[PDB]
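Asks: My questions will all concern the structure given below.
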Amino acid sequence: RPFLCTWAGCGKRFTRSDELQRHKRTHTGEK
Ligand SMILES: [Zn+2]
């Protein structure tokens, strides 16, 4: 099961779900 960020024009892939969620936090603005 590969993880892919299906955000508006992103398409960045991860092998870890925690990586994907962590990454997603940059879109939502959790910094
Ligand atoms: Zn993304």
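Following the order of the structure tokens, first chain is A, next is B, and so on, with residues numbered from 1 inside each chain and ligands from 1 in the order they appear.
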Using only C-alpha atoms and all ligand atoms, what are the residues with an atom within 6 Å of ligand 1, set out as a list in words?

Replies: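 Selection of residues at most 6 Å from ligand 1: residues 5, 7, 10, 12 and 24 of chain A.
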
Asks: Would you mind reading off the distance between atom CA of residue A:3 and atom CA of residue A:22, one decimal, in Å?

Replies: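 Straight-line distance from atom CA of residue A:3 to atom CA of residue A:22 works out to 12.0 Å.
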
Asks: As a PyMOL selection string, which residues of chain A does DSSP assign to helix (DSSP H, G or I)?

Replies: chain A and resi 17-28

Asks: If DSSP is run on the backbone, what residues of chain A are strand (DSSP E or B)? A reply as a list in words would be ideal.

Replies: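 Here are the strand (DSSP E or B) residues of chain A: residues 3, 4, 13 and 14 of chain A.
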